[PDB]
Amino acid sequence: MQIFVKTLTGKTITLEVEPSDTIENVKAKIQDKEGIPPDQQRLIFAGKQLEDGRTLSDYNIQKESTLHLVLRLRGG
């Protein structure tokens, strides 16, 4: 299926994925298309920060859903 990933600016990425794909898989896809490494990526859906090892279906992300992509900064 197809999903969308948008930065807050509105720049849209289109990804082909499977419901069983993990959030990490999506992150690697964003890296493939955008050069943005996974550790710099925070993905948000339904107001929730998406966890790497959990799947798209787990979060009920469906055909043509849109995730937001947010930059993840260093802490300590």
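Numbering starts at 1 and runs along the sequence shown. In this text, rigid core is short for the largest set of C-alphas that superpose within 1.5 Å between two forms.
Fitting each structure in 4 other deposited structures of this protein onto the rigid core and averaging C-alpha distances over structures and residues, 7-15 emerges as the more displaced of 56-64 and 7-15.
Here 40-48 and 27-35 are compared by their mean Cα B-factor, and 40-48 comes out higher. Averaged over CA atoms, B-factors in the entry run higher in 49-57 than in the other of 14-22 and 49-57.
In this PDB entry, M1 carries a Cα temperature factor that places it within the middle third of its chain's modelled residues. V70: CA B factor lies in the middle third for its chain, per the PDB record.
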